[PDB]
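> Have a peek at run_22.txt (compact mmCIF, C-alpha atoms and all ligand atoms).
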# COMPACT_ATOMS: atom_id res chain seq x y z
CA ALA A 2 299.52 105.91 80.54
CA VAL A 3 296.80 104.30 82.63
CA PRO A 4 295.75 106.24 85.81
CA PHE A 5 292.56 105.86 87.90
CA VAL A 6 290.15 107.67 90.23
CA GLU A 7 288.84 106.09 93.45
CA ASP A 8 288.35 102.51 92.20
CA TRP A 9 287.81 103.59 88.54
CA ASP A 10 290.43 103.12 85.82
CA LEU A 11 291.23 106.14 83.63
CA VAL A 12 291.23 104.78 80.07
CA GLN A 13 291.69 107.76 77.75
CA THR A 14 291.06 111.48 77.35
CA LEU A 15 287.58 112.23 75.99
CA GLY A 16 288.28 115.94 75.79
CA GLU A 17 290.72 118.51 77.20
CA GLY A 18 291.05 122.29 77.02
CA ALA A 19 292.38 125.05 79.29
CA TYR A 20 289.37 123.99 81.40
CA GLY A 21 291.26 120.97 82.73
CA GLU A 22 290.53 117.53 81.24
CA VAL A 23 287.92 114.81 80.92
CA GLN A 24 289.20 111.22 80.85
CA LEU A 25 286.91 108.28 80.13
CA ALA A 26 286.84 106.40 83.41
CA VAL A 27 285.70 102.80 83.57
CA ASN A 28 286.29 100.10 86.12
CA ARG A 29 287.31 96.71 84.76
CA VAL A 30 285.52 95.29 87.85
CA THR A 31 281.98 96.42 86.98
CA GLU A 32 283.08 97.70 83.58
CA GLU A 33 280.43 100.42 83.67
CA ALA A 34 281.98 103.22 81.63
CA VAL A 35 281.60 106.82 82.78
CA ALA A 36 282.77 110.33 82.02
CA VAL A 37 284.99 111.97 84.60
CA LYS A 38 285.64 115.68 84.42
CA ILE A 39 288.68 116.58 86.48
CA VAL A 40 288.32 120.27 87.24
CA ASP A 41 291.77 121.51 88.22
CA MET A 42 290.72 124.37 90.50
CA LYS A 43 293.31 127.11 91.04
CA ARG A 44 293.27 129.96 93.59
CA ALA A 45 289.82 131.24 94.59
CA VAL A 46 289.02 133.39 91.57
CA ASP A 47 288.25 131.15 88.54
CA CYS A 48 287.95 127.34 88.70
CA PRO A 49 287.31 126.95 92.48
CA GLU A 50 283.82 128.44 91.98
CA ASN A 51 282.89 128.18 88.28
CA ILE A 52 282.32 124.59 89.39
CA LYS A 53 280.31 125.14 92.55
CA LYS A 54 277.47 126.36 90.35
CA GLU A 55 278.22 123.65 87.79
CA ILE A 56 277.74 120.83 90.30
CA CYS A 57 274.59 122.28 91.82
CA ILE A 58 272.93 122.63 88.44
CA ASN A 59 273.70 119.00 87.66
CA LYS A 60 272.11 117.57 90.82
CA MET A 61 268.90 119.24 89.62
CA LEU A 62 269.10 117.87 86.08
CA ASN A 63 267.66 114.47 85.21
CA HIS A 64 266.36 113.97 81.70
CA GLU A 65 267.03 111.43 78.97
CA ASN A 66 268.52 114.27 76.93
CA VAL A 67 270.90 115.71 79.50
CA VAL A 68 274.18 113.87 80.16
CA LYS A 69 273.47 112.39 83.59
CA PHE A 70 275.34 113.55 86.68
CA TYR A 71 276.29 110.68 88.96
CA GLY A 72 278.21 112.61 91.61
CA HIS A 73 281.36 114.43 92.66
CA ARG A 74 284.30 114.12 95.04
CA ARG A 75 287.22 116.42 95.89
CA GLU A 76 290.82 115.76 96.94
CA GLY A 77 291.43 119.48 97.42
CA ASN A 78 292.48 121.20 94.20
CA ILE A 79 291.56 118.42 91.80
CA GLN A 80 287.82 117.81 91.80
CA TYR A 81 286.08 114.86 90.16
CA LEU A 82 282.87 115.20 88.16
CA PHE A 83 281.28 111.79 87.71
CA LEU A 84 279.31 111.94 84.48
CA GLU A 85 277.41 109.78 82.02
CA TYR A 86 279.38 108.31 79.14
CA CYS A 87 278.17 108.83 75.56
CA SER A 88 280.11 106.50 73.24
CA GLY A 89 278.57 108.15 70.18
CA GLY A 90 280.84 111.16 70.56
CA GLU A 91 279.86 114.71 69.68
CA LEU A 92 277.12 115.70 67.26
CA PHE A 93 279.89 117.87 65.82
CA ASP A 94 281.61 114.82 64.39
CA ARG A 95 278.51 113.78 62.51
CA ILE A 96 278.43 116.97 60.47
CA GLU A 97 280.32 116.68 57.21
CA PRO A 98 282.24 119.88 56.48
CA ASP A 99 280.36 122.03 53.97
CA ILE A 100 277.75 119.28 53.48
CA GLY A 101 276.02 118.31 56.72
CA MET A 102 273.97 115.19 57.32
CA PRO A 103 270.81 113.53 55.92
CA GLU A 104 267.80 115.70 56.74
CA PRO A 105 265.98 112.94 58.63
CA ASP A 106 268.90 112.67 61.04
CA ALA A 107 268.91 116.44 61.43
CA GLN A 108 265.26 116.39 62.34
CA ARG A 109 265.70 113.59 64.85
CA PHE A 110 268.67 115.18 66.60
CA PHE A 111 266.75 118.44 66.65
CA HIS A 112 263.75 116.83 68.33
CA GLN A 113 265.96 115.66 71.19
CA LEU A 114 267.79 118.96 71.45
CA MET A 115 264.33 120.51 71.68
CA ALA A 116 263.27 117.83 74.17
CA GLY A 117 266.27 118.37 76.41
CA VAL A 118 266.13 122.15 76.12
CA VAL A 119 262.45 122.57 76.85
CA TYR A 120 263.11 120.32 79.83
CA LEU A 121 265.92 122.46 81.25
CA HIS A 122 263.91 125.63 80.63
CA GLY A 123 261.07 124.04 82.55
CA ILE A 124 263.23 123.92 85.65
CA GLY A 125 264.48 127.43 84.97
CA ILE A 126 267.96 126.57 83.70
CA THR A 127 269.58 128.05 80.60
CA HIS A 128 272.57 126.38 78.97
CA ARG A 129 274.11 129.48 77.39
CA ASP A 130 276.53 127.59 75.13
CA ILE A 131 274.58 125.15 72.92
CA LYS A 132 276.60 123.84 69.97
CA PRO A 133 277.63 120.56 68.30
CA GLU A 134 280.60 120.24 70.63
CA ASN A 135 278.20 120.11 73.54
CA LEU A 136 275.56 117.87 72.11
CA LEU A 137 276.74 114.30 72.57
CA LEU A 138 275.36 111.17 71.00
CA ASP A 139 275.34 107.83 72.83
CA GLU A 140 275.38 104.14 71.92
CA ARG A 141 271.78 104.07 70.63
CA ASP A 142 272.66 107.46 69.14
CA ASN A 143 270.54 109.73 71.31
CA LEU A 144 271.24 113.42 71.67
CA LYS A 145 272.17 114.62 75.15
CA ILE A 146 272.89 118.24 75.96
CA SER A 147 276.29 118.43 77.61
CA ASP A 148 278.86 120.68 79.32
CA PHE A 149 276.97 122.72 81.95
CA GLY A 150 279.93 124.82 83.00
CA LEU A 151 278.33 128.03 81.69
CA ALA A 152 274.70 127.27 82.58
CA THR A 153 272.72 129.32 85.11
CA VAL A 154 269.33 129.74 86.72
CA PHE A 155 267.01 132.39 85.30
CA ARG A 156 263.74 131.44 86.99
CA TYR A 157 263.54 130.83 90.74
CA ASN A 158 260.28 130.89 92.65
CA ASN A 159 258.47 131.65 89.39
CA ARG A 160 260.12 135.00 88.82
CA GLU A 161 262.22 135.60 85.73
CA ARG A 162 265.73 136.93 86.09
CA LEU A 163 266.76 138.77 82.92
CA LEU A 164 270.37 138.13 82.01
CA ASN A 165 273.21 140.54 81.15
CA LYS A 166 276.43 138.52 81.50
CA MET A 167 277.85 137.94 78.03
CA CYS A 168 279.07 134.41 77.42
CA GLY A 169 278.79 131.39 75.16
CA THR A 170 280.33 131.13 71.67
CA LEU A 171 280.32 133.90 69.01
CA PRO A 172 279.12 131.96 65.97
CA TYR A 173 276.20 130.66 68.11
CA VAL A 174 275.24 133.51 70.45
CA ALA A 175 272.06 135.49 69.70
CA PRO A 176 272.31 139.10 68.45
CA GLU A 177 270.74 140.66 71.51
CA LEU A 178 273.83 139.64 73.52
CA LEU A 179 275.78 142.19 71.48
CA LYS A 180 273.31 145.06 71.22
CA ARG A 181 271.72 144.84 74.64
CA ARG A 182 272.39 145.25 78.32
CA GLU A 183 269.86 142.70 79.58
CA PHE A 184 268.05 139.98 77.67
CA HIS A 185 265.61 137.13 78.38
CA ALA A 186 267.41 133.85 78.96
CA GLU A 187 265.26 131.49 76.85
CA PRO A 188 265.41 133.24 73.50
CA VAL A 189 269.20 133.03 73.57
CA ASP A 190 269.07 129.25 73.64
CA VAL A 191 266.45 129.08 70.91
CA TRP A 192 268.71 131.15 68.65
CA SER A 193 271.65 128.91 69.51
CA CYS A 194 269.60 125.80 68.69
CA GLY A 195 268.68 127.47 65.43
CA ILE A 196 272.29 128.00 64.49
CA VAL A 197 272.85 124.33 65.35
CA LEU A 198 270.07 123.35 62.98
CA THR A 199 271.93 125.14 60.19
CA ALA A 200 275.21 123.28 60.69
CA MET A 201 273.39 119.99 60.55
CA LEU A 202 271.73 121.12 57.35
CA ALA A 203 274.56 123.00 55.61
CA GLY A 204 277.61 121.69 57.38
CA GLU A 205 278.79 125.25 57.97
CA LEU A 206 278.36 128.22 60.30
CA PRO A 207 276.29 131.06 58.82
CA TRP A 208 278.43 133.86 60.24
CA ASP A 209 281.29 134.53 62.65
CA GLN A 210 278.83 136.44 64.86
CA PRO A 211 275.35 138.04 64.63
CA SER A 212 277.02 141.44 64.45
CA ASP A 213 274.94 143.90 62.46
CA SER A 214 278.17 144.55 60.60
CA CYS A 215 279.07 140.94 59.75
CA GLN A 216 278.37 141.02 56.03
CA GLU A 217 277.03 137.46 56.04
CA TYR A 218 274.55 138.27 58.80
CA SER A 219 273.36 141.31 56.94
CA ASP A 220 272.67 139.12 53.90
CA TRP A 221 270.46 136.79 55.92
CA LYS A 222 268.73 139.89 57.31
CA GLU A 223 268.07 140.79 53.68
CA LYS A 224 266.28 137.54 52.89
CA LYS A 225 269.11 136.72 50.49
CA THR A 226 268.59 132.99 50.96
CA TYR A 227 269.79 132.59 47.40
CA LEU A 228 273.22 132.04 48.97
CA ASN A 229 275.17 129.70 51.28
CA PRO A 230 274.51 128.21 53.62
CA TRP A 231 270.79 128.74 53.07
CA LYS A 232 270.97 127.29 49.54
CA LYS A 233 272.08 123.86 50.76
CA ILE A 234 269.02 123.81 53.03
CA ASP A 235 265.53 122.84 51.91
CA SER A 236 262.81 125.52 51.98
CA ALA A 237 260.76 123.53 54.51
CA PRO A 238 263.38 123.39 57.22
CA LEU A 239 264.50 126.80 55.98
CA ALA A 240 261.07 128.15 56.88
CA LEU A 241 261.70 127.25 60.52
CA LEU A 242 265.11 128.91 60.49
CA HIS A 243 263.42 132.03 59.09
CA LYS A 244 261.37 131.97 62.30
CA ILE A 245 264.25 131.07 64.60
CA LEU A 246 267.14 133.28 63.52
CA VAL A 247 264.82 136.25 63.99
CA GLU A 248 266.54 139.37 65.36
CA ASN A 249 264.14 140.91 67.83
CA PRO A 250 264.37 138.32 70.63
CA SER A 251 260.74 139.24 71.30
CA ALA A 252 259.42 138.22 67.93
CA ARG A 253 261.59 135.12 67.69
CA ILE A 254 259.76 131.85 67.56
CA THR A 255 259.30 130.18 70.94
CA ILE A 256 260.12 126.54 71.63
CA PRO A 257 256.38 125.71 71.91
CA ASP A 258 255.64 127.20 68.51
CA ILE A 259 258.60 125.35 67.05
CA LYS A 260 256.75 122.11 67.80
CA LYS A 261 253.95 123.31 65.54
CA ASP A 262 256.20 124.01 62.56
CA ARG A 263 255.55 122.14 59.31
CA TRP A 264 259.09 120.86 58.88
CA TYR A 265 259.23 119.86 62.52
CA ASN A 266 256.20 117.57 62.18
CA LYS A 267 257.16 116.31 58.74
CA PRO A 268 257.41 112.53 58.60
CA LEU A 269 260.96 112.04 57.27
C1 LIG B 1 276.14 117.02 82.56
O1 LIG B 1 276.98 118.16 82.42
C2 LIG B 1 278.37 118.03 82.02
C3 LIG B 1 278.91 117.10 80.98
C4 LIG B 1 280.34 117.05 80.65
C5 LIG B 1 280.87 116.10 79.59
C6 LIG B 1 281.86 116.52 78.60
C7 LIG B 1 282.37 115.60 77.57
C8 LIG B 1 281.87 114.23 77.55
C9 LIG B 1 280.90 113.79 78.51
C10 LIG B 1 280.39 114.69 79.54
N1 LIG B 1 280.59 112.49 78.29
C11 LIG B 1 281.29 112.00 77.22
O2 LIG B 1 281.17 110.84 76.83
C12 LIG B 1 282.20 113.10 76.63
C13 LIG B 1 283.09 113.17 75.59
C14 LIG B 1 283.22 112.20 74.47
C15 LIG B 1 284.07 112.33 73.43
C16 LIG B 1 283.90 111.18 72.56
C17 LIG B 1 282.96 110.45 73.14
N2 LIG B 1 282.60 111.18 74.36
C18 LIG B 1 281.24 117.94 81.38
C19 LIG B 1 280.75 118.85 82.40
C20 LIG B 1 279.33 118.91 82.73
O3 LIG B 1 278.89 119.80 83.71
What do you get writing this file as structure tokens?

Amino acid sequence: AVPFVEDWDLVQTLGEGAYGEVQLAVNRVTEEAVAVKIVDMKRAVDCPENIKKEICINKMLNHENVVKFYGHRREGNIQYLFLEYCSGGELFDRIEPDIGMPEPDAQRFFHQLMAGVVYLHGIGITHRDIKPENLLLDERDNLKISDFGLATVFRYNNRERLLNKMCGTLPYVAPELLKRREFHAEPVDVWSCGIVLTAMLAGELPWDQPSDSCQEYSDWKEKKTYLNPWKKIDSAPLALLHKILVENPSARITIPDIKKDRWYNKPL
């Protein structure tokens, strides 16, 4: 019913999953509310390490658009991830199925996702799994990238480190992850942010995966915007998508150039 972790009361479960569980921890004494991820390590082959990297990354991260990392403890098997609480919930729950959200709100949330992403990239960290379920909104309703379990460093000592490990989520991963062996880390996140811009604007996921065979992806590759979800989207913001969901990860628009897009700088 009502458990607790080292002086903090465990109110309710914010999220779960085969990952373990994240209960909202708050202490009636100070009453500061926080997010506590309880990674239930097992053996020395899955959880007991997929978290060593996760905690390190966090201690590096500090940006108004990245769920803050307070600290961590560790009984033995059960480890505690002290994290920032975002009352707002997930961006995911602000997308109306098959409809979306008011364009101005899409633009705003996109600015922050771009803010937080550019930031991470600056310190050579790639998220690898950007999506509405990982973009939380807080009290004031500010977007904060979340869940760094799959993140990783791609630039250390100013030297890129091409990636090859496949991972993330199918209806959000960039095409190169399927056709290539190695791929630059940054363009994968830009593509994933692009797919997130579409949900916010069409309340639906373009395709199940950027597979050259997925019929819906082939139709976007054939400028057939005269169909869903592209039809529910306005040509302005659609112009940016045309530059984001670009196949060759080399010709894809770069975060910097996204800040110079007409829709992006459109007072809304
Ligand atoms: C900074 O990096 C991380 C964030 C979270 C995380 C995951 C879920 C929530 C949260 C933080 N803070 C919250 O407030 C969360 C969930 C929620 C659900 C409804 C309101 N909030 C888990 C692992 C991480 O490595």
> Give me the chain A side of the contact with ligand LIG 1 (chain B), cut-off 8 Å, one line per residue showing its nearest atom pair and distance in Å at one decimal, counting all atoms listed in the file, sorted by chain and residue number, as a tab-separated table.

residue	atom	partner	partner_atom	distance
A:15	CA	B:LIG1	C15	4.3
A:16	CA	B:LIG1	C13	5.9
A:23	CA	B:LIG1	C7	6.5
A:25	CA	B:LIG1	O2	7.1
A:35	CA	B:LIG1	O2	7.2
A:36	CA	B:LIG1	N1	4.8
A:37	CA	B:LIG1	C10	7.4
A:38	CA	B:LIG1	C18	5.8
A:55	CA	B:LIG1	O3	5.6
A:56	CA	B:LIG1	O3	6.8
A:59	CA	B:LIG1	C1	6.0
A:62	CA	B:LIG1	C1	7.9
A:67	CA	B:LIG1	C1	6.2
A:68	CA	B:LIG1	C1	4.4
A:69	CA	B:LIG1	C1	5.4
A:70	CA	B:LIG1	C1	5.4
A:82	CA	B:LIG1	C19	7.1
A:84	CA	B:LIG1	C10	5.8
A:85	CA	B:LIG1	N1	5.6
A:86	CA	B:LIG1	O2	3.9
A:87	CA	B:LIG1	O2	3.8
A:88	CA	B:LIG1	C17	4.9
A:89	CA	B:LIG1	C17	5.8
A:90	CA	B:LIG1	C17	3.4
A:91	CA	B:LIG1	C16	6.1
A:135	CA	B:LIG1	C6	7.2
A:137	CA	B:LIG1	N2	6.9
A:138	CA	B:LIG1	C17	7.9
A:139	CA	B:LIG1	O2	7.7
A:146	CA	B:LIG1	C1	7.5
A:147	CA	B:LIG1	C3	4.5
A:148	CA	B:LIG1	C2	3.8
A:149	CA	B:LIG1	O3	3.9
A:150	CA	B:LIG1	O3	5.2
> For residue 214 in chain A, which residue out of A:44, A:185, A:180, A:166 is the nearest one, using all atoms listed in the file?
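Nearest to residue 214 in chain A: A:180.
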> May I have the residues within 8 Å of range 224-241 of chain A as a PyMOL selection string, using all atoms listed in the file and disregarding those fewer than 6 positions away in the same chain?
chain A and resi 100+199+202-203+205-207+259+262-265
> Can you pull out every residue within 9 Å of residue 182 in chain A, counting all atoms listed in the file, but drop anything in the same chain fewer than 4 positions away, and send it as a list in words?
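These residues fall inside the cut-off: residues 164, 165, 166, 177 and 178 of chain A.
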> Would you work out the distance separating CA of residue 83 in chain A from CA of residue 2 in chain A, expressed in Å to one decimal?
20.5 Å
> Between A:52, A:171, A:201, A:121, which residue has the minimum interatomic distance to residue 155 in chain A, considering all atoms listed in the file?
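Looking at the shortest contact to residue 155 in chain A, the residue is A:121.
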> When you count all atoms listed in the file, which of these residues is closest to residue 197 in chain A: A:215, A:27, A:107, A:247?
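Nearest candidate to residue 197 in chain A out of A:215, A:27, A:107, A:247: A:107.
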> Can you pull out the residues contacting residue 190 in chain A? Cut-off 8 Å, using all atoms listed in the file, and skip same-chain residues under 3 positions away; I want them as an MDAnalysis selection string.
chainID A and resid 127:131 175 186:187 193:194
> Between CA of residue 116 in chain A and CA of residue 65 in chain A, what is the spacing in Å?
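Between CA of residue 65 in chain A and CA of residue 116 in chain A the gap works out to 8.8 Å.
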> Rounded to one decimal in Å, what is the spacing between CA of residue 260 in chain A and CA of residue 167 in chain A?
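For CA of residue 260 in chain A relative to CA of residue 167 in chain A, the distance reads 28.3 Å.
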> Considering only C-alpha atoms, can you say which of A:21, A:172, A:101, A:77 comes closest to residue 209 in chain A?
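Going through A:21, A:172, A:101, A:77 one by one, the smallest distance to residue 209 in chain A is for A:172.
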> Pick out the residues sitting within 10 Å of residue 32 in chain A, and hand them over as a CSV table (one decimal) with C-alpha atoms, in the coordinates of the input; count all atoms listed in the file, and ignore anything fewer than 5 positions along from it in its own chain.

chain,number,residue,atom,x,y,z
A,9,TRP,CA,287.8,103.6,88.5
A,10,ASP,CA,290.4,103.1,85.8
A,26,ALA,CA,286.8,106.4,83.4
A,27,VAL,CA,285.7,102.8,83.6
> Place a sphere of radius 10 Å on (266.2, 124.2, 83.7) in the file coordinates and name every protein, DNA or RNA residue with an atom inside or on its surface, counting all atoms listed in the file; give the answer as a VMD selection string.
chain A and resid 58 to 59 61 to 63 117 to 128 152 to 156
> Find, counting only C-alpha atoms, the residue in A:144, A:163, A:200, A:269 that gets nearest to residue 183 in chain A.
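Closest to residue 183 in chain A, using only C-alpha atoms: A:163.
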> Using only C-alpha atoms, which residue out of A:105, A:245, A:81, A:19 lies closest to residue 47 in chain A?
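Smallest distance to residue 47 in chain A is found for A:19.
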> Axis-aligned box over every listed atom of range 131-140 of chain A, padded by 3 Å per side: centre and edges in Å to one decimal, as JSON?

{"center_x": 277.6, "center_y": 114.6, "center_z": 70.9, "size_x": 12.0, "size_y": 27.0, "size_z": 11.2}
